[PDB]
Each structure stands twice: as C-alpha cells, then as structure tokens.
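What follows is work_20.cif (mmCIF, C-alpha atoms).
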data_coords
loop_
_atom_site.label_atom_id
_atom_site.label_comp_id
_atom_site.auth_asym_id
_atom_site.auth_seq_id
_atom_site.Cartn_x
_atom_site.Cartn_y
_atom_site.Cartn_z
CA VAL A 7 -40.65 5.56 -0.91
CA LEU A 8 -38.87 5.61 2.46
CA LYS A 9 -40.50 5.52 5.90
CA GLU A 10 -39.21 5.68 9.45
CA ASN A 11 -39.50 1.91 9.85
CA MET A 12 -38.15 -0.02 6.85
CA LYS A 13 -37.80 -3.80 6.60
CA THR A 14 -35.18 -5.78 4.66
CA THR A 15 -34.94 -9.36 3.46
CA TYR A 16 -31.38 -10.72 3.16
CA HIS A 17 -29.75 -13.47 1.12
CA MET A 18 -26.01 -14.16 0.93
CA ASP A 19 -24.13 -16.77 -1.10
CA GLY A 20 -20.52 -17.11 -0.05
CA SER A 21 -17.45 -19.22 0.45
CA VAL A 22 -14.38 -19.07 2.69
CA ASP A 23 -11.38 -21.22 1.65
CA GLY A 24 -13.59 -23.77 -0.08
CA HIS A 25 -16.42 -23.83 2.47
CA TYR A 26 -19.65 -22.80 0.73
CA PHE A 27 -22.47 -21.31 2.76
CA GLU A 28 -25.73 -19.39 2.44
CA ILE A 29 -27.37 -17.01 4.92
CA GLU A 30 -30.92 -15.63 5.01
CA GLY A 31 -32.54 -13.19 7.37
CA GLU A 32 -34.65 -10.14 8.08
CA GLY A 33 -34.03 -6.62 9.32
CA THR A 34 -35.82 -3.52 10.56
CA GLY A 35 -34.45 -0.04 11.05
CA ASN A 36 -34.95 3.70 10.93
CA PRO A 37 -33.04 4.99 7.89
CA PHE A 38 -33.17 8.65 8.96
CA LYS A 39 -31.67 7.84 12.37
CA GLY A 40 -29.13 5.42 10.84
CA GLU A 41 -30.18 2.50 13.08
CA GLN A 42 -31.00 -1.07 12.10
CA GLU A 43 -31.42 -4.52 13.65
CA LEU A 44 -30.98 -7.80 11.78
CA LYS A 45 -31.74 -11.45 12.50
CA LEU A 46 -29.78 -13.90 10.36
CA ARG A 47 -29.62 -17.68 9.96
CA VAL A 48 -27.10 -19.94 8.26
CA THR A 49 -29.32 -21.85 5.83
CA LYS A 50 -26.63 -23.80 3.97
CA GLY A 51 -23.12 -24.86 4.99
CA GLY A 52 -23.68 -24.53 8.73
CA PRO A 53 -22.20 -24.50 11.20
CA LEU A 54 -19.63 -22.01 9.83
CA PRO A 55 -15.99 -22.90 10.65
CA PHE A 56 -15.01 -19.21 10.76
CA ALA A 57 -15.86 -16.24 12.96
CA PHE A 58 -19.11 -14.65 11.76
CA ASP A 59 -17.64 -11.17 12.16
CA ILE A 60 -15.74 -11.36 8.86
CA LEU A 61 -19.17 -11.38 7.15
CA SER A 62 -21.18 -8.91 9.22
CA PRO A 63 -20.25 -5.62 7.43
CA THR A 64 -21.61 -7.16 4.20
CA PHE A 65 -25.07 -7.24 5.80
CA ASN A 69 -26.86 -0.77 3.46
CA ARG A 70 -25.83 2.87 3.69
CA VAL A 71 -29.44 3.97 3.25
CA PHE A 72 -29.38 3.42 7.03
CA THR A 73 -27.15 6.42 7.73
CA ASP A 74 -28.07 9.56 9.68
CA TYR A 75 -27.14 12.31 7.20
CA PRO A 76 -27.13 16.03 8.05
CA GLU A 77 -29.98 17.88 6.39
CA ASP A 78 -27.74 20.01 4.17
CA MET A 79 -25.47 17.16 3.01
CA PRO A 80 -26.37 15.29 -0.20
CA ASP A 81 -27.41 11.73 0.70
CA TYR A 82 -26.04 9.55 -2.12
CA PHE A 83 -27.84 6.45 -0.89
CA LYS A 84 -31.26 7.87 -0.11
CA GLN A 85 -31.17 9.73 -3.44
CA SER A 86 -30.62 6.44 -5.26
CA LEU A 87 -34.09 5.19 -4.30
CA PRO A 88 -36.34 3.73 -5.54
CA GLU A 89 -33.91 2.06 -7.95
CA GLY A 90 -31.31 1.50 -5.22
CA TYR A 91 -27.57 1.04 -5.41
CA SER A 92 -24.85 -1.59 -5.40
CA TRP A 93 -21.40 -1.85 -3.86
CA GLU A 94 -18.15 -3.84 -4.15
CA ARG A 95 -15.61 -4.19 -1.35
CA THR A 96 -12.17 -5.62 -0.70
CA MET A 97 -11.03 -6.60 2.78
CA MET A 98 -7.31 -7.12 3.49
CA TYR A 99 -6.31 -8.56 6.88
CA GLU A 100 -2.91 -8.07 8.46
CA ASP A 101 -2.24 -11.83 8.53
CA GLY A 102 -2.54 -12.15 4.73
CA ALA A 103 -6.20 -13.20 4.57
CA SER A 104 -8.33 -11.39 2.02
CA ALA A 105 -11.99 -11.20 1.11
CA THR A 106 -14.19 -9.60 -1.52
CA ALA A 107 -17.89 -8.90 -1.15
CA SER A 108 -20.57 -7.30 -3.26
CA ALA A 109 -24.20 -6.44 -2.70
CA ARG A 110 -27.20 -5.00 -4.50
CA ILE A 111 -29.82 -3.01 -2.58
CA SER A 112 -33.24 -2.84 -4.24
CA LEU A 113 -36.92 -2.69 -3.20
CA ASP A 114 -39.89 -5.04 -3.31
CA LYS A 115 -43.43 -4.64 -1.91
CA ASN A 116 -42.30 -5.27 1.70
CA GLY A 117 -39.19 -3.08 1.82
CA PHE A 118 -35.51 -3.60 1.00
CA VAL A 119 -34.07 -6.59 -0.84
CA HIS A 120 -30.42 -7.19 0.07
CA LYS A 121 -28.60 -9.74 -2.12
CA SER A 122 -24.89 -10.27 -1.52
CA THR A 123 -21.96 -12.56 -2.22
CA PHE A 124 -18.79 -13.12 -0.24
CA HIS A 125 -15.48 -14.74 -1.12
CA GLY A 126 -12.80 -15.26 1.53
CA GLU A 127 -9.30 -16.62 1.07
CA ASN A 128 -6.15 -17.50 3.04
CA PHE A 129 -7.50 -17.24 6.57
CA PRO A 130 -4.82 -19.09 8.60
CA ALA A 131 -6.01 -22.36 10.10
CA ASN A 132 -4.72 -21.48 13.59
CA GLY A 133 -5.60 -17.77 13.36
CA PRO A 134 -8.36 -16.11 15.35
CA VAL A 135 -10.95 -16.16 12.52
CA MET A 136 -10.70 -19.91 11.91
CA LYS A 137 -10.57 -20.49 15.67
CA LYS A 138 -13.82 -18.46 16.00
CA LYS A 139 -12.30 -15.98 18.46
CA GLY A 140 -13.96 -12.84 17.06
CA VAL A 141 -16.20 -10.84 19.40
CA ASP A 142 -17.03 -7.50 17.74
CA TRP A 143 -15.67 -4.91 15.37
CA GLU A 144 -14.41 -1.70 16.94
CA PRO A 145 -16.48 1.38 16.11
CA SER A 146 -15.00 2.85 12.97
CA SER A 147 -14.69 6.03 10.92
CA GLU A 148 -14.98 5.51 7.16
CA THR A 149 -13.78 8.22 4.78
CA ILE A 150 -16.25 8.76 1.92
CA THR A 151 -14.74 10.37 -1.18
CA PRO A 152 -16.79 11.28 -4.29
CA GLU A 153 -15.23 10.38 -7.64
CA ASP A 154 -17.23 11.34 -10.72
CA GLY A 155 -20.62 9.71 -10.08
CA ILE A 156 -19.66 7.09 -7.48
CA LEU A 157 -18.39 7.02 -3.88
CA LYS A 158 -15.17 5.49 -2.58
CA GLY A 159 -15.06 4.32 1.03
CA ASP A 160 -11.88 3.67 3.02
CA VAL A 161 -11.90 2.45 6.62
CA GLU A 162 -9.38 0.75 8.89
CA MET A 163 -11.20 -2.01 10.77
CA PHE A 164 -10.20 -3.74 14.00
CA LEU A 165 -11.76 -7.10 14.86
CA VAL A 166 -11.80 -7.51 18.65
CA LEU A 167 -10.97 -11.04 19.80
CA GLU A 168 -11.61 -12.83 23.06
CA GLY A 169 -9.20 -11.32 25.57
CA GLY A 170 -9.28 -7.92 23.87
CA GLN A 171 -6.61 -8.34 21.19
CA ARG A 172 -7.44 -6.65 17.88
CA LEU A 173 -6.97 -8.04 14.37
CA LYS A 174 -6.49 -5.26 11.81
CA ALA A 175 -7.99 -5.09 8.33
CA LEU A 176 -8.33 -2.48 5.60
CA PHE A 177 -11.75 -2.12 3.93
CA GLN A 178 -12.12 -0.36 0.57
CA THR A 179 -15.56 0.01 -1.02
CA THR A 180 -17.02 1.46 -4.21
CA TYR A 181 -20.66 2.59 -3.97
CA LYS A 182 -22.60 3.02 -7.21
CA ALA A 183 -26.10 4.44 -7.62
CA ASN A 184 -28.17 3.40 -10.62
CA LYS A 185 -28.64 7.02 -11.76
CA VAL A 186 -27.34 10.58 -11.64
CA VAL A 187 -27.67 11.95 -8.09
CA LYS A 188 -26.29 15.08 -6.43
CA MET A 189 -22.81 14.18 -5.20
CA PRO A 190 -21.84 15.03 -1.60
CA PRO A 191 -18.50 16.47 -0.52
CA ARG A 192 -15.80 14.29 0.93
CA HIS A 193 -17.05 13.32 4.38
CA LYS A 194 -16.94 10.54 6.95
CA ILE A 195 -19.39 7.96 8.27
CA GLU A 196 -18.94 6.72 11.82
CA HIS A 197 -20.20 3.17 12.41
CA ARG A 198 -20.92 1.04 15.45
CA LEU A 199 -21.69 -2.58 14.56
CA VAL A 200 -22.56 -4.94 17.42
CA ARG A 201 -23.08 -8.71 17.16
CA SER A 202 -25.05 -10.98 19.48
CA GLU A 203 -26.84 -14.32 19.24
CA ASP A 204 -30.17 -15.90 20.20
CA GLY A 205 -29.87 -19.65 19.73
CA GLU A 206 -29.11 -20.28 16.05
CA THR A 207 -30.02 -16.68 15.15
CA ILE A 208 -27.22 -14.15 14.62
CA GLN A 209 -28.26 -10.65 15.68
CA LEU A 210 -26.62 -7.52 14.30
CA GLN A 211 -27.22 -3.87 15.18
CA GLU A 212 -25.66 -0.94 13.31
CA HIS A 213 -25.69 2.77 14.01
CA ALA A 214 -24.13 5.00 11.34
CA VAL A 215 -23.83 8.81 11.30
CA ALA A 216 -22.46 10.94 8.46
CA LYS A 217 -20.31 13.91 9.52
CA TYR A 218 -18.48 16.78 7.85
CA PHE A 219 -14.73 17.11 8.00
#

Translate this file's structure into structure tokens.
Amino acid sequence: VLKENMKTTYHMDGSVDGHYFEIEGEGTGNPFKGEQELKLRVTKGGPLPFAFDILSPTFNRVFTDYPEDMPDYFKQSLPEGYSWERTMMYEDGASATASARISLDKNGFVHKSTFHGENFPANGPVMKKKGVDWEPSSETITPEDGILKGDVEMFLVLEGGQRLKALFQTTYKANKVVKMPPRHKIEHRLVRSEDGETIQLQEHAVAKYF
C-alpha cells in the first residue's frame, strides 16, 4: 500500500548522441503532498558531457497532490503500478525519448527508465553544460479511453537567465482499469542541486481543476 513516506530505488540506462550512461539512486517523498527528494549518481559513462537537466524529468506521478474529489489515475494504479513514454522536442532541433516503469518491491517504489537523446548541437547550451533549472511548469492532462496524455511546454533556464524551449508529450498507462479523471492540469516545480558527485532533485506537483 501507500504511506506518507515512500522510498524509491532508481535505475536508468541511456544514451545521448552515442554516449552511453547509467544512473542509480534513491528517493523519499510524501505522495499525498506531491513532494519528493532524490539522490542520484552516474554509475556508468561519467562524467556526462551534457547538462543533467535534460534527464531530470525522467526521474513518478504517484507523487502528486490530488484534490480529494478528483480521480487519481496514478495512485489508483497501485499496487501494480504504471508506465509512461515521453517525447521531448527542443527548439534547436534536438530530440529525446524516454520511458519508465513504476512498480513496487518490499522497500517501496522501483523506478526503471531508459533515455535516448539525439542531435543536441555541440556548441549549444546542453552540450556546453549551461543548464541550471527547469522553469515551473503547467502540464495539461487529458484522458483518452483508459490512458492519460500529458502536454507541457518546458523552459530550461541557462546560466545568465536565458531559456531554452522544449515541448514534452507523455502517455501514461496504468496496468488495469481505473476510474478516469477529467481533463485537468498538474503544476510542477523541479529543482536541481548537487552534493559532490551526487545529483539532488526535488519535485513538488499539484493537480488542479480547470
């Protein structure tokens, strides 16, 4: 079941323009408040030649503060969990796809993901490691049959305050029939920091009615 402090173990396999890498880590969060903290480590292919921010939204909508009367697609999917697939199109022609499965083991959540990135310009801000943080965002969640579609414009903040724009589209798929919500939005705030070789992420997400 689900408790007010849930742990996660993370593993990602990925590549960006031919550079293979793997990341492992741990998280804790309150899924009813929509808050989580993650500690991540590059275990293969480090150091990464690209800004970490292009990966950070891959690292679980169970951690969303949902109103009491709104159907919670992600919490309903437990214990079996859910999976998602995402495309990410940047304004400079770079593109990425990511996918993840969210399941449970004896300690809490198991988060397994892959990432594939392509055509990030060599002199662009991602390959120059100029990313600082994503802007807070508002993602439109649209039910279609038994799955959810997510659409969010994302803005990567660079050093100096310039933004790099991207369009994120996601399909969320529970393993079973759940009660579908209405069309709604999820507001996110994802913040990145570091402690030595450890990447730290914090997310707060809140579902809201239109």

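When only C-alpha atoms are used to compute distances to residue 9 (chain A), the closest of the residues A:54, A:116, A:26, A:167 turns out to be A:116.
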
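What the PyMOL selection byres ((chain A and resi 138-154) around 6) grabs from this file is residues 56, 57, 134, 135, 136, 137, 155, 156, 157, 158, 159, 160, 161, 164, 165, 166, 167, 168, 192, 193, 194, 195, 196, 197 and 198 of chain A.
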
>> Given all atoms listed in the file as the basis, pick out the residue of A:115, A:110, A:125, A:84 nearest to residue 19 (chain A).
In response: A:125

>> Can you translate the PyMOL selection byres ((chain A and resi 91) around 8) into the concrete residues it hits in this file, as a ChimeraX atom specification?
In response: /A:83,86-87,89-90,92-93,110-112,181-184

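Here CA of residue 96 (chain A) stands at a distance of 24.9 Å from CA of residue 37 (chain A).
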
Output region 35-46 of chain A with N, CA and C atoms present, as a PDB file, in the frame of the given file.
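The result, stored in rebuild00.pdb:
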ATOM      1  N   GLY A  35     -35.268  -1.167  10.644  1.00  0.00           N
ATOM      2  CA  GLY A  35     -34.450  -0.040  11.050  1.00  0.00           C
ATOM      3  C   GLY A  35     -35.126   1.277  10.726  1.00  0.00           C
ATOM      4  N   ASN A  36     -34.539   2.341  11.260  1.00  0.00           N
ATOM      5  CA  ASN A  36     -34.950   3.700  10.930  1.00  0.00           C
ATOM      6  C   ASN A  36     -33.871   4.305  10.055  1.00  0.00           C
ATOM      7  N   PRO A  37     -34.122   4.515   8.764  1.00  0.00           N
ATOM      8  CA  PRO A  37     -33.040   4.990   7.890  1.00  0.00           C
ATOM      9  C   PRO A  37     -32.658   6.443   8.125  1.00  0.00           C
ATOM     10  N   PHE A  38     -33.539   7.264   8.695  1.00  0.00           N
ATOM     11  CA  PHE A  38     -33.170   8.650   8.960  1.00  0.00           C
ATOM     12  C   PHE A  38     -32.335   8.790  10.222  1.00  0.00           C
ATOM     13  N   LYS A  39     -32.510   7.879  11.180  1.00  0.00           N
ATOM     14  CA  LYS A  39     -31.670   7.840  12.370  1.00  0.00           C
ATOM     15  C   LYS A  39     -30.404   7.002  12.182  1.00  0.00           C
ATOM     16  N   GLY A  40     -30.286   6.268  11.078  1.00  0.00           N
ATOM     17  CA  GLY A  40     -29.130   5.420  10.840  1.00  0.00           C
ATOM     18  C   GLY A  40     -29.020   4.210  11.746  1.00  0.00           C
ATOM     19  N   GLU A  41     -30.143   3.627  12.153  1.00  0.00           N
ATOM     20  CA  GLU A  41     -30.180   2.500  13.080  1.00  0.00           C
ATOM     21  C   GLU A  41     -30.901   1.325  12.436  1.00  0.00           C
ATOM     22  N   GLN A  42     -30.371   0.120  12.640  1.00  0.00           N
ATOM     23  CA  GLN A  42     -31.000  -1.070  12.100  1.00  0.00           C
ATOM     24  C   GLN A  42     -30.670  -2.277  12.966  1.00  0.00           C
ATOM     25  N   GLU A  43     -31.588  -3.249  12.968  1.00  0.00           N
ATOM     26  CA  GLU A  43     -31.420  -4.520  13.650  1.00  0.00           C
ATOM     27  C   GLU A  43     -31.736  -5.648  12.682  1.00  0.00           C
ATOM     28  N   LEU A  44     -30.907  -6.682  12.712  1.00  0.00           N
ATOM     29  CA  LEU A  44     -30.980  -7.800  11.780  1.00  0.00           C
ATOM     30  C   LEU A  44     -31.003  -9.111  12.546  1.00  0.00           C
ATOM     31  N   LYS A  45     -31.756 -10.072  12.016  1.00  0.00           N
ATOM     32  CA  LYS A  45     -31.740 -11.450  12.500  1.00  0.00           C
ATOM     33  C   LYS A  45     -31.405 -12.341  11.314  1.00  0.00           C
ATOM     34  N   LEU A  46     -30.353 -13.145  11.457  1.00  0.00           N
ATOM     35  CA  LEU A  46     -29.780 -13.900  10.360  1.00  0.00           C
ATOM     36  C   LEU A  46     -29.607 -15.357  10.759  1.00  0.00           C
TER      37      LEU A  46
END
